[PDB]
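Heads up: the structure comes next, in structure tokens.
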Amino acid sequence: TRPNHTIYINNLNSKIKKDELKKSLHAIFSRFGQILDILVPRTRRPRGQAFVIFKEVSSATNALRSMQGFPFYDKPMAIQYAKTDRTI
RNA sequence: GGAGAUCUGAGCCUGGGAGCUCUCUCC
């Protein structure tokens, strides 16, 4: 995998409501750059993943470096570049 | 077809979870 506009975040707290997770993620990650969209897809098992789609790849690069393993609702976030870029 | 719904709908797969499908609601 190589850098792209989208970061993949998992190990998120499954006990937090979706919309509050999407809101907090936006508030925390927006400092790195403009966010085009935040996705918290409906998993078969309880939600524990999200995609943050930045406008520039550099914003994703810095977002991934800074927030790697950072506590988030009492859990360290595991961050990667999204397998497939989710920008349309 | 599209958009949603399960720690608060379900089966299978996996067995160190970015899997497949169904069901329901709305358009």
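Because only heavy atoms are used, hydrogens play no part in the values below, and waters and symmetry mates are left out as well, while side chains stay in. So that the names make sense, note that chain A is the first sequence line, chain B the second, and so on, each numbered from 1.
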Worksheet item: Taking the side chain of A:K18 as heavy atoms from C-beta outward, which of B:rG17, B:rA5, B:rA18 is closest to it?
Response: B:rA5
Item to complete: For nucleotides B:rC24 and B:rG19, find the distance between their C1' atoms and express it as a whole number of Å.
Response: 22 Å
Worksheet item: Side-chain contact, heavy-atom cut-off 4.5 Å: A:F70 with A:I28?
Response: no
Worksheet item: Just curious, B:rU8 north or south if you read off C1'-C2'-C3'-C4'?
Response: south
Practice prompt. Round to the nearest Å and state the distance from A:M77 atom CE to B:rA18 atom P.
Written response: 17 Å
Worksheet item: Just wondering, more than 12 heavy atoms not from A:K75 lying within 6.0 Å of its NZ?
Response: yes
Worksheet item: Which part of the nucleic acid does A:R45 contact within heavy-atom distance under 4.0 Å: base, sugar-phosphate only, or nothing?
Response: base
Worksheet item: If you check the A:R42 side chain, which of B:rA18, B:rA5, B:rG19 turns out closest?
Response: B:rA5
Item to complete: Measure the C1'-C2'-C3'-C4' torsion in the sugar of B:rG17, then label it north if positive and south if negative.
Response: south
Discussion item. What's the gap between B:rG4 and B:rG9 when it is taken at their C1' atoms, as a whole Å value?
Written reply: 14 Å
Discussion item. Rounded to the nearest 0.5 Å, what separates atom CD1 in A:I79 from atom CZ in A:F29?
Written reply: 4.0 Å
Discussion item. So, under a plain 3.5 Å distance rule, would you say the side chain of A:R44 forms a donor-acceptor pair with the base of B:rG9?
Written reply: no
Practice prompt. Pick the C1' atom in B:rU23 and in B:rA10, then give their distance to the nearest Å.
Written response: 7 Å
Practice prompt. Could you check which of B:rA18, B:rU6, B:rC7 has an atom nearest any side-chain atom of A:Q80?
Written response: B:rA18
Worksheet item: Mind checking whether A:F51 and A:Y8 have parallel, tilted or perpendicular rings, split at 30° and 60°?
Response: tilted
Discussion item. Do A:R65 and A:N62 make a side-chain contact, defined as non-hydrogen atoms from C-beta onward lying under 4.5 Å apart?
Written reply: yes
Worksheet item: Whom does B:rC26 pair with, Watson-Crick or G-U wobble, provided both distances fall under 3.5 Å?
Response: B:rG2
Item to complete: May I ask you to test the A:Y73-A:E20 pair for a side-chain heavy-atom distance under 4.5 Å?
Response: yes
Worksheet entry | Whole-Å distance separating the NZ atom of A:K83 from the P atom of B:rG17 | 12 Å
Fill in: Euclidean distance for P, B:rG16 against B:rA5 (whole angstrom)
30 Å
Item to complete: For nucleotides B:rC22 and B:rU8, find the distance between their P atoms and express it as a whole number of Å.
Response: 24 Å
Fill in: Residue mapping more 5' on RNA chain B - nearest nucleotide basis, A:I16 or A:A82
A:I16
Worksheet item: How many Å lie between NZ on A:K75 and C1' on B:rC7, as a whole number?
Response: 11 Å
Worksheet, complete the sentence: B:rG9: pucker by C1'-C2'-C3'-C4' torsion sign, positive meaning north and negative south, is north
Discussion item. If I take atom CG in residue A:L39 and atom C1' in nucleotide B:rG4, what distance separates them, rounded to the nearest angstrom?
Written reply: 14 Å
Worksheet item: By sign alone, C1'-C2'-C3'-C4' of B:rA18 puts its sugar north or south?
Response: south
Worksheet item: Looking at the six-ring of each base, are B:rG9 and B:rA10 less than 5.5 angstrom apart at the centres and less than 30 degrees apart in plane?
Response: yes
Worksheet item: Which whole-number value in Å describes the distance from A:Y8 OH to B:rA18 P?
Response: 5 Å
Discussion item. What is the separation between atom CZ on A:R47 and atom P on B:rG9, rounded to the nearest whole Å?
Written reply: 14 Å
Worksheet item: For atom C1', what is the distance between B:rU6 and B:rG11, given to the nearest Å?
Response: 13 Å
Response to the item:
Per nearest nucleotide of RNA chain B, the residue lying toward the 5' end, A:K15 or A:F51, is A:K15
Worksheet item: Distance between the P atoms of B:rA3 and B:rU21, in whole angstroms?
Response: 15 Å
Worksheet item: With hydrophobic residues grouped by side-chain heavy-atom distances under 4.5 Å, do A:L36 and A:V57 end up in a single group?
Response: no
Fill in: Assigned partner base of B:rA10, Watson-Crick or wobble definition, under 3.5 Å
B:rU21
Item to complete: Specify the separation, in whole Å, of atom CG of A:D19 and atom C1' of B:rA5.
Response: 14 Å
Fill in: Separation of atom CG in A:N10 from atom P in B:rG19, rounded to whole Å
11 Å
